[PDB]
Every structure is written in C-alpha cells, then in structure tokens.
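Visitor: coords35.cif is reproduced in full below (mmCIF, C-alpha atoms and all ligand atoms).
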```
data_final
#
loop_
_atom_site.label_atom_id
_atom_site.label_comp_id
_atom_site.auth_asym_id
_atom_site.auth_seq_id
_atom_site.Cartn_x
_atom_site.Cartn_y
_atom_site.Cartn_z
CA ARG A 1 16.04 -14.90 18.79
CA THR A 2 15.14 -11.92 16.46
CA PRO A 3 15.81 -12.82 12.76
CA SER A 4 17.97 -9.68 12.36
CA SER A 5 20.24 -11.22 15.01
CA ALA A 6 20.03 -14.86 13.65
CA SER A 7 22.84 -16.54 11.56
CA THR A 8 21.36 -17.23 8.01
CA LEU B 1 25.48 -42.17 27.17
CA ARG B 2 29.15 -42.95 26.16
CA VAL B 3 30.95 -41.43 23.13
CA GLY B 4 34.47 -42.11 21.73
CA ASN B 5 35.38 -44.47 24.65
CA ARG B 6 36.24 -41.82 27.30
CA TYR B 7 33.49 -39.11 27.05
CA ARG B 8 30.18 -39.05 28.93
CA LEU B 9 27.28 -37.02 27.45
CA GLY B 10 25.40 -34.62 29.77
CA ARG B 11 22.47 -32.21 29.18
CA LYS B 12 22.26 -29.53 26.44
CA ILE B 13 23.95 -26.12 27.08
CA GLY B 14 22.48 -24.87 23.74
CA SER B 15 21.29 -25.71 20.14
CA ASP B 16 23.33 -29.16 19.34
CA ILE B 17 25.94 -28.70 22.17
CA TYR B 18 25.92 -30.79 25.42
CA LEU B 19 27.91 -30.77 28.70
CA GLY B 20 30.30 -33.76 28.77
CA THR B 21 33.11 -35.18 30.86
CA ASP B 22 36.42 -36.52 29.67
CA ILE B 23 36.29 -39.50 32.11
CA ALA B 24 40.01 -40.34 31.48
CA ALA B 25 41.32 -36.75 32.09
CA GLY B 26 38.73 -35.60 34.71
CA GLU B 27 37.82 -32.43 32.74
CA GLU B 28 34.45 -30.99 31.59
CA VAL B 29 34.13 -30.72 27.75
CA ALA B 30 31.48 -29.56 25.24
CA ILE B 31 30.07 -32.21 22.83
CA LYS B 32 28.44 -31.12 19.51
CA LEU B 33 26.15 -33.84 18.01
CA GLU B 34 24.87 -33.83 14.37
CA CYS B 35 22.41 -36.61 13.26
CA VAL B 36 24.14 -38.59 10.38
CA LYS B 37 20.88 -38.42 8.30
CA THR B 38 20.68 -34.54 8.60
CA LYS B 39 20.04 -33.02 5.11
CA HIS B 40 23.08 -30.65 5.17
CA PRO B 41 26.05 -32.21 7.06
CA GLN B 42 28.28 -29.32 8.33
CA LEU B 43 29.80 -30.53 11.68
CA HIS B 44 32.46 -32.53 9.72
CA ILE B 45 33.24 -29.31 7.77
CA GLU B 46 33.42 -27.20 11.00
CA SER B 47 35.81 -29.88 12.49
CA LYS B 48 38.30 -29.63 9.56
CA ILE B 49 38.41 -25.77 10.03
CA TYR B 50 38.96 -26.06 13.83
CA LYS B 51 41.77 -28.60 13.02
CA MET B 52 43.63 -26.07 10.71
CA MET B 53 43.18 -23.38 13.52
CA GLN B 54 44.62 -25.55 16.39
CA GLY B 55 47.56 -23.96 18.30
CA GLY B 56 45.73 -20.63 17.97
CA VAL B 57 45.19 -18.55 21.14
CA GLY B 58 41.38 -18.25 21.60
CA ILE B 59 40.58 -21.18 19.24
CA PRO B 60 38.78 -23.99 21.15
CA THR B 61 40.73 -27.30 21.22
CA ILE B 62 38.96 -30.12 19.33
CA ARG B 63 39.61 -33.16 21.57
CA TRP B 64 37.88 -35.88 19.44
CA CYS B 65 35.78 -36.23 16.21
CA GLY B 66 33.91 -39.34 14.98
CA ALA B 67 30.45 -40.93 14.56
CA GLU B 68 28.53 -42.82 17.31
CA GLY B 69 25.37 -44.72 16.21
CA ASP B 70 22.97 -42.11 14.68
CA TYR B 71 25.29 -39.04 15.33
CA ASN B 72 28.46 -37.29 14.17
CA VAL B 73 30.33 -36.05 17.30
CA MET B 74 32.81 -33.23 17.92
CA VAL B 75 34.29 -33.02 21.42
CA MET B 76 35.78 -29.61 22.25
CA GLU B 77 37.16 -27.49 25.08
CA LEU B 78 34.32 -26.17 27.30
CA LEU B 79 34.06 -22.37 27.00
CA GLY B 80 32.30 -19.80 29.21
CA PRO B 81 29.44 -17.41 28.36
CA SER B 82 29.23 -15.45 25.05
CA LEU B 83 29.85 -11.67 24.89
CA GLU B 84 26.03 -11.28 24.30
CA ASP B 85 25.27 -13.27 27.51
CA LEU B 86 27.83 -11.16 29.47
CA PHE B 87 26.35 -7.93 27.90
CA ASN B 88 22.83 -8.97 29.16
CA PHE B 89 24.39 -9.80 32.58
CA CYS B 90 25.97 -6.27 32.63
CA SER B 91 22.57 -4.60 31.88
CA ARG B 92 23.50 -4.07 28.16
CA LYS B 93 26.18 -1.41 29.12
CA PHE B 94 29.96 -2.14 28.81
CA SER B 95 32.44 0.47 30.17
CA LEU B 96 34.83 1.96 27.56
CA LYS B 97 37.68 -0.08 29.16
CA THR B 98 35.77 -3.38 28.65
CA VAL B 99 35.03 -2.49 24.96
CA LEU B 100 38.77 -1.77 24.37
CA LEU B 101 39.96 -4.92 26.23
CA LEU B 102 37.57 -6.93 24.00
CA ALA B 103 38.48 -4.96 20.82
CA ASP B 104 42.23 -5.80 21.27
CA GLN B 105 41.66 -9.60 21.46
CA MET B 106 38.81 -9.72 18.89
CA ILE B 107 40.96 -7.99 16.16
CA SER B 108 43.74 -10.53 17.04
CA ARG B 109 41.34 -13.50 16.71
CA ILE B 110 40.12 -12.28 13.28
CA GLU B 111 43.73 -11.70 12.13
CA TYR B 112 44.64 -15.24 13.29
CA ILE B 113 41.74 -16.78 11.28
CA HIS B 114 42.70 -14.72 8.20
CA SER B 115 46.35 -15.93 8.60
CA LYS B 116 44.95 -19.49 8.22
CA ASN B 117 43.30 -18.54 4.89
CA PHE B 118 39.68 -18.30 6.17
CA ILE B 119 37.15 -15.52 6.61
CA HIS B 120 34.61 -16.14 9.41
CA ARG B 121 31.58 -14.25 7.84
CA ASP B 122 29.56 -14.37 11.12
CA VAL B 123 31.23 -11.85 13.45
CA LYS B 124 28.67 -11.06 16.21
CA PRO B 125 28.72 -10.97 20.05
CA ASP B 126 27.16 -14.53 20.21
CA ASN B 127 30.21 -16.11 18.45
CA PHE B 128 32.84 -14.80 20.93
CA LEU B 129 32.92 -16.75 24.27
CA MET B 130 35.13 -16.01 27.32
CA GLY B 131 37.35 -18.99 28.48
CA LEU B 132 36.82 -20.74 31.89
CA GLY B 133 39.29 -21.05 34.77
CA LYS B 134 42.88 -20.19 33.73
CA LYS B 135 41.49 -19.19 30.25
CA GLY B 136 38.86 -16.78 31.87
CA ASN B 137 40.62 -13.59 30.51
CA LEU B 138 40.73 -15.04 26.92
CA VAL B 139 38.20 -14.20 24.17
CA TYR B 140 37.51 -17.26 21.96
CA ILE B 141 35.85 -17.27 18.57
CA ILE B 142 33.49 -20.14 17.63
CA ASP B 143 30.93 -21.11 14.97
CA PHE B 144 32.87 -21.66 11.70
CA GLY B 145 29.66 -22.93 10.00
CA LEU B 146 29.63 -19.97 7.48
CA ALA B 147 33.46 -19.62 7.11
CA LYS B 148 35.30 -20.16 3.82
CA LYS B 149 38.75 -19.88 2.19
CA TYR B 150 39.38 -16.35 0.73
CA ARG B 151 42.80 -17.41 -0.65
CA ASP B 152 44.37 -20.58 -2.04
CA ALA B 153 46.39 -22.20 0.81
CA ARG B 154 49.55 -22.69 -1.44
CA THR B 155 49.67 -19.65 -3.82
CA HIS B 156 47.76 -17.15 -1.55
CA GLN B 157 45.75 -16.27 -4.72
CA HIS B 158 42.71 -14.30 -3.32
CA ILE B 159 39.17 -15.47 -4.38
CA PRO B 160 37.82 -13.49 -7.37
CA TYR B 161 35.52 -10.40 -7.04
CA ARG B 162 31.87 -11.46 -7.55
CA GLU B 163 28.46 -9.81 -6.97
CA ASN B 164 24.80 -10.92 -6.59
CA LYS B 165 25.95 -12.98 -3.49
CA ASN B 166 23.12 -13.61 -0.91
CA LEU B 167 23.30 -12.34 2.75
CA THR B 168 25.73 -14.67 4.67
CA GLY B 169 25.78 -14.31 8.50
CA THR B 170 23.77 -11.81 10.59
CA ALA B 171 21.75 -8.79 9.27
CA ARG B 172 22.45 -6.57 12.33
CA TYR B 173 26.31 -6.79 12.02
CA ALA B 174 26.75 -7.36 8.19
CA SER B 175 29.08 -5.03 6.19
CA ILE B 176 27.47 -2.61 3.70
CA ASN B 177 29.36 -4.70 0.99
CA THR B 178 27.42 -7.82 2.20
CA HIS B 179 24.03 -5.98 1.94
CA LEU B 180 25.04 -4.98 -1.69
CA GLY B 181 25.61 -8.71 -2.49
CA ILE B 182 29.40 -8.42 -2.83
CA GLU B 183 31.58 -11.51 -2.09
CA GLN B 184 32.84 -11.18 1.55
CA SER B 185 36.60 -10.82 2.24
CA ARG B 186 38.85 -9.86 5.15
CA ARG B 187 37.52 -6.25 5.31
CA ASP B 188 33.91 -7.47 6.00
CA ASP B 189 34.96 -9.52 9.15
CA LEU B 190 36.65 -6.32 10.49
CA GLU B 191 33.74 -3.98 9.48
CA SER B 192 31.29 -6.29 11.35
CA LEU B 193 33.52 -6.19 14.45
CA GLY B 194 33.25 -2.36 14.17
CA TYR B 195 29.42 -2.60 14.37
CA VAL B 196 29.82 -5.05 17.33
CA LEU B 197 32.06 -2.53 19.23
CA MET B 198 29.53 0.37 18.71
CA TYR B 199 26.67 -2.06 19.64
CA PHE B 200 28.51 -2.63 23.02
CA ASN B 201 28.97 1.21 23.36
CA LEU B 202 25.31 2.10 22.60
CA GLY B 203 23.26 -0.90 23.88
CA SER B 204 21.77 -1.33 20.39
CA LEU B 205 22.34 -0.17 16.79
CA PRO B 206 20.03 2.36 15.08
CA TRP B 207 18.92 -0.33 12.50
CA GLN B 208 17.61 -2.63 15.28
CA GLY B 209 13.84 -3.29 15.64
CA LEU B 210 12.85 -2.01 12.17
CA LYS B 211 9.16 -3.00 11.46
CA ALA B 212 8.79 -5.17 8.29
CA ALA B 213 6.08 -7.56 6.86
CA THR B 214 8.69 -10.31 5.92
CA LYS B 215 12.33 -11.38 6.69
CA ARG B 216 13.30 -10.04 3.18
CA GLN B 217 11.54 -6.58 3.48
CA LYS B 218 13.41 -6.32 6.78
CA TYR B 219 17.00 -7.05 5.57
CA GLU B 220 16.10 -4.32 3.00
CA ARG B 221 15.08 -1.79 5.80
CA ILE B 222 18.33 -2.67 7.73
CA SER B 223 20.33 -2.25 4.46
CA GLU B 224 18.76 1.22 3.79
CA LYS B 225 19.15 2.45 7.40
CA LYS B 226 22.82 1.29 7.55
CA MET B 227 23.71 2.94 4.21
CA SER B 228 21.85 6.19 5.23
CA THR B 229 23.51 6.46 8.72
CA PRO B 230 26.84 8.32 8.52
CA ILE B 231 29.66 6.74 10.58
CA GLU B 232 29.97 10.10 12.48
CA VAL B 233 26.20 9.89 13.46
CA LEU B 234 26.59 6.18 14.55
CA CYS B 235 29.66 7.04 16.69
CA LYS B 236 28.52 10.46 18.06
CA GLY B 237 29.41 10.92 21.77
CA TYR B 238 32.05 8.12 21.68
CA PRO B 239 35.81 8.35 21.10
CA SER B 240 36.68 9.17 17.47
CA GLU B 241 38.69 5.86 17.27
CA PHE B 242 35.41 3.88 16.70
CA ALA B 243 34.65 6.12 13.62
CA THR B 244 38.32 5.95 12.39
CA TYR B 245 38.22 2.14 12.71
CA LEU B 246 34.98 1.86 10.62
CA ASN B 247 36.19 4.46 7.99
CA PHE B 248 39.37 2.38 7.58
CA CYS B 249 37.42 -0.91 7.15
CA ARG B 250 35.06 0.80 4.61
CA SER B 251 38.11 2.13 2.60
CA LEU B 252 39.71 -1.36 2.23
CA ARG B 253 39.64 -2.89 -1.27
CA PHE B 254 38.19 -6.38 -1.73
CA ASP B 255 41.62 -8.18 -1.75
CA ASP B 256 43.45 -5.67 0.57
CA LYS B 257 45.34 -7.16 3.57
CA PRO B 258 44.05 -5.11 6.54
CA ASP B 259 46.57 -3.29 8.76
CA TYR B 260 45.46 -5.27 11.91
CA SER B 261 48.39 -3.67 13.75
CA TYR B 262 47.23 -0.09 12.97
CA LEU B 263 43.63 -0.95 14.10
CA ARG B 264 44.83 -2.56 17.40
CA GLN B 265 47.16 0.47 17.97
CA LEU B 266 44.22 2.96 17.44
CA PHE B 267 42.46 1.42 20.46
CA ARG B 268 45.67 0.93 22.55
CA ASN B 269 46.51 4.67 22.14
CA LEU B 270 42.89 5.45 23.33
CA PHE B 271 43.32 2.90 26.17
CA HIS B 272 46.61 4.64 27.29
CA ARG B 273 45.14 8.23 27.11
CA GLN B 274 42.33 7.01 29.46
CA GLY B 275 45.03 5.64 31.87
CA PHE B 276 43.54 2.06 31.70
CA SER B 277 45.77 -1.03 32.48
CA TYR B 278 45.64 -4.31 30.41
CA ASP B 279 44.79 -6.26 33.65
CA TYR B 280 41.80 -8.17 32.09
CA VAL B 281 39.42 -6.72 34.75
CA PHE B 282 36.19 -6.70 32.68
CA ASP B 283 32.91 -5.17 33.93
CA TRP B 284 31.47 -8.68 34.71
CA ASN B 285 34.47 -9.41 37.06
CA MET B 286 32.97 -6.65 39.32
CA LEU B 287 29.46 -8.29 39.63
CA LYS B 288 28.89 -9.20 43.39
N1 LIG C 301 32.83 -25.15 23.14
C1 LIG C 301 31.79 -24.56 23.75
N2 LIG C 301 31.75 -24.35 25.08
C2 LIG C 301 30.69 -23.76 25.66
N3 LIG C 301 29.62 -23.35 24.96
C3 LIG C 301 29.55 -23.52 23.63
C4 LIG C 301 30.65 -24.16 22.94
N4 LIG C 301 30.34 -24.21 21.64
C5 LIG C 301 29.12 -23.64 21.50
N5 LIG C 301 28.66 -23.21 22.70
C6 LIG C 301 27.34 -22.62 22.97
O1 LIG C 301 26.33 -23.51 22.45
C7 LIG C 301 25.31 -22.79 21.75
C8 LIG C 301 25.20 -23.28 20.31
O2 LIG C 301 26.45 -23.15 19.60
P1 LIG C 301 26.52 -22.98 17.99
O3 LIG C 301 27.81 -22.24 17.67
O4 LIG C 301 26.28 -24.33 17.34
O5 LIG C 301 25.25 -22.00 17.67
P2 LIG C 301 24.39 -22.06 16.29
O6 LIG C 301 25.29 -22.27 15.14
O7 LIG C 301 23.30 -23.26 16.35
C9 LIG C 301 23.51 -20.48 16.08
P3 LIG C 301 22.16 -20.37 17.27
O8 LIG C 301 22.78 -20.46 18.76
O9 LIG C 301 21.45 -19.07 17.11
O10 LIG C 301 21.13 -21.58 17.02
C10 LIG C 301 25.69 -21.32 21.82
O11 LIG C 301 24.82 -20.67 22.75
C11 LIG C 301 27.12 -21.28 22.31
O12 LIG C 301 27.30 -20.25 23.27
NA NA C 302 39.26 -11.09 34.27
#
```
How would this structure read if it were set down as structure tokens?

Guide:
Amino acid sequence: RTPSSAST
Amino acid sequence: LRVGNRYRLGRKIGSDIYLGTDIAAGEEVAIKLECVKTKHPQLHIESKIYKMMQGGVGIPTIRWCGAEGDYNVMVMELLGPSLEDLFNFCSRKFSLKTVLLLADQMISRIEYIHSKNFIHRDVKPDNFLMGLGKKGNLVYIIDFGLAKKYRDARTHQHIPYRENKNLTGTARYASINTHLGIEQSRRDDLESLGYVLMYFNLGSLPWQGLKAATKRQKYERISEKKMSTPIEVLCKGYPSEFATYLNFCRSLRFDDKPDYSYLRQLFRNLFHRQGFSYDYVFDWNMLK
C-alpha cells in the first residue's frame, strides 16, 4: 500500500 | 487450531485477521490474533472500544476476547469487502446514487461513535466494510486502533485544545487541522469523510501521487496541495452539496457538536431531486 494511504 | 473452546482458526483474510468458524453456532467469524509479546499491545484496547459500541447498527459484534498460548484473540462478526475493495471492483467509479447511499450511513456511523464519546481518527474507504448476508446493505466501521475519547464519559467535558500533535491516521484523507498539528475532534472525522466522498466521485484526490524523497517531505507536499486547493476546485463538476458539506466541516470549532442531521439532510435533498430510491441497490449489486 502507498504510504499516503497507510494508517500511521 | 482451537480458540476459546468453540472457535476454529482458518487462513488469513488480511494483516492479523483469520477466517474462523463458531463450531457451536455453525457461523463463520473473523478472528484477530495479537502475539502476547508484541511491543505495543493494542488488540485489548480495540476490544474495550468495540465493547462500549455494542448494540450499534454497523458496529461488528465482538463474540469472544481472551488469550490462547502465545496470542491475544478477538473473535468478531465476519464482514464483507471494504469500500476500497468494492471501488476497485467497480473500476474506481461510483455512481452519484452509490456515493449518497454510502454518505447517509457513513455520517450515521460517525455520529454513533461520537455519541459513545470517541473520535475514530482514521476515516478512509478501507475502514468501512459492507455486511454479509442479511447485513449486506449495511456499512460497518472497523479499526478503532487510533480512536480516543474526546470527552469525559460522565461530565461530557471535551478534551482541551492542543497543538504540535503528530499526523494520526491517513495522509490522503486527513483534515487540514490534522496537517497543522491540531488535536483531532469530531469535525476532523466528518471532514475526512468529505474527502472520502469526493475521492469516490473523482477516482482519486488531486494530492495523490505527489513525488517526494521521504515519507515526511511527502506529508508536507500533501499538506501544501490540500491547503492550496479551494473546496470549489476540488468539487468542480459535482453537486454543490459536496462543497457545502466540506465548508460546514471546515467552519466547525474544535469542541462544536456537528449538525449530523443537517449534513445527512443535504445529501437526502440531493438524493430526492435526482429521483433516487433508498433501496440499497449499490453499483456492485449490478456486477454480472
Ligand atoms: N470483522 C472482519 N470481517 C471481515 N474482514 C475484516 C474484519 N476485520 C478486519 N477485516 C479485514 O482484515 C484486514 C486487516 O484489518 P485491520 O483493521 O487490522 O487493518 P490494519 O489495522 O492492520 C491496517 P492495514 O490493513 O493497512 O495493515 C483488512 O483488509 C480488513 O478489511
Ligand atoms: Na444491496
């Protein structure tokens, strides 16, 4: 998954 | 393997979550496992939130919690595919009617959570799942890993205003307030849903796929692009209600109770002018 779309 | 007497573990359905059976009931379940030794135990936290939410329409039922050898275990209602999965299955185009059907239930789910003294802080298409079977017209919300109390449960004292707070949840769908490092509140859950609805309308958001050297330089590009994109440019070519919704969320004060009813009614009035029926016939129900 793209990091812009990942839960952080 | 067994778990909690009456549950049989199957294979993964994502990461961790496994297919299971309730052997006693004869019903498929989802089983979340967390290694006991894990650095940052959170399952047990997620379970206590789900427990406060129980009785809620579109909240998964937690059937059993406990530890089994090397694992903490949460057994829950088995849910269908996420809104992101269904979006990919629909060729990353939802019809206006599907967006409005989803908007009506999603605002309701967020209101329900807020009524139980929590903010979600991770509103995104991946954390809404359709039900299965008789629940197949119901939008569920999941993944309370980043959720927290915004008010005292007894006094309904709101949490204090604070700044310099780090990005919590997902860059693509985060409120402008979240990018600025402001403590999240009810408004931010609703503002994120606004980005989700225009994401479904467009197929992507204009701050997607920004080139950056790092993860940090990238949240900064997404921040800049978001703050420099007027709501009327974002929502151009779509019904004004999507812009009105986001202007309302952006106008809310930190400790303001949203008018959930007004926001639902915006979309219902649009739904009625289009001549659509609330028959739960989503785009994916048409796939042959
Ligand atoms: N009760 C349930 N029924 C069916 N599927 C479920 C479920 N609970 C979670 N899932 C699915 O299992 C996967 C993992 O769920 P979870 O909410 O733990 O994701 P996550 O917190 O690890 C973020 P990421 O998926 O990016 O790693 C997701 O793809 C979700 O769709
Ligand atoms: Na349906």

Visitor: Enumerate residues in contact with ligand LIG 301 (chain C): an atom-to-atom distance of at most 10 Å, counting all atoms listed in the file. Format the result as a PyMOL selection string.

Guide: (chain A and resi 1-3+5-8) or (chain B and resi 12-19+28-33+43+46+59-62+74-85+122+125-132+140-146)

Visitor: As a quick test: using all atoms listed in the file, which residues lie no more than 8 Å away from ligand NA 302 (chain C)? Give them as an NGL selection string.

Guide: :B and (136-137 or 279-282 or 285)

Visitor: Leaving out residue B:287 and any residue of its chain fewer than 4 positions from it, which residues lie within 10 Å of it when counting only C-alpha atoms, given as a ChimeraX atom specification?

Guide: /B:89-90,282-283

Visitor: Please check the contacts: residues of chain B at most 6 Å away from chain A, using all atoms listed in the file, listed as a tab-separated table (two decimals) with C-alpha atoms, in the coordinates of the input.

Guide:
```tsv
chain	number	residue	atom	x	y	z
B	169	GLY	CA	25.78	-14.31	8.50
B	170	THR	CA	23.77	-11.81	10.59
B	171	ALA	CA	21.75	-8.79	9.27
B	172	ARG	CA	22.45	-6.57	12.33
```

Visitor: I'd like to know which of B:134, B:148, B:225, B:121 is closest to residue B:188, using only C-alpha atoms.

Guide: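 Using only C-alpha atoms, residue B:188 sits closest to B:121.
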
Visitor: Every residue with an atom at most 12 Å from (45.7, -22.2, 3.2) (file coordinates; only C-alpha atoms) is what I'm after, so could you write them as a PyMOL selection string?

Guide: chain B and resi 49+52-53+113-119+148-158

Visitor: Give one line per residue of stretch 130-186 of chain B that approaches stretch 252-274 of chain B to at most 9 Å, naming the two atoms of the closest pair and their distance in Å to one decimal, counting only C-alpha atoms; sort by chain then ascending residue number and deliver it as JSON lines.

Guide:
```
{"residue": "B:150", "atom": "CA", "partner": "B:255", "partner_atom": "CA", "distance": 8.8}
{"residue": "B:158", "atom": "CA", "partner": "B:255", "partner_atom": "CA", "distance": 6.4}
{"residue": "B:159", "atom": "CA", "partner": "B:255", "partner_atom": "CA", "distance": 8.1}
{"residue": "B:160", "atom": "CA", "partner": "B:255", "partner_atom": "CA", "distance": 8.6}
{"residue": "B:161", "atom": "CA", "partner": "B:254", "partner_atom": "CA", "distance": 7.2}
{"residue": "B:183", "atom": "CA", "partner": "B:254", "partner_atom": "CA", "distance": 8.4}
{"residue": "B:184", "atom": "CA", "partner": "B:254", "partner_atom": "CA", "distance": 7.9}
{"residue": "B:185", "atom": "CA", "partner": "B:254", "partner_atom": "CA", "distance": 6.2}
{"residue": "B:186", "atom": "CA", "partner": "B:258", "partner_atom": "CA", "distance": 7.2}
```

Visitor: Just the number, please: distance in Å from atom CA of residue B:167 to atom CA of residue B:215, one decimal.

Guide: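 Between atom CA of residue B:167 and atom CA of residue B:215 the gap works out to 11.7 Å.
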
Visitor: Between B:50, B:112, B:64, B:195, which has the minimum distance to residue B:242 (counting all atoms listed in the file)?

Guide: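 The shortest atom-to-atom distance to residue B:242 comes from B:195.
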
Visitor: Report the distance between atom CA of residue B:48 and atom CA of residue B:109 in Å, rounded to one decimal place.

Guide: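 Going from atom CA of residue B:48 over to atom CA of residue B:109 covers 17.9 Å.
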
Visitor: Work out how far atom CA of residue B:37 is from atom CA of residue B:71, in Å to one decimal.

Guide: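 Computing the Euclidean distance for atom CA of residue B:71 and atom CA of residue B:37 yields 8.3 Å.
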
Visitor: Find, counting only C-alpha atoms, the residue in B:1, B:138, B:103, B:67 that gets nearest to residue B:241.

Guide: B:103
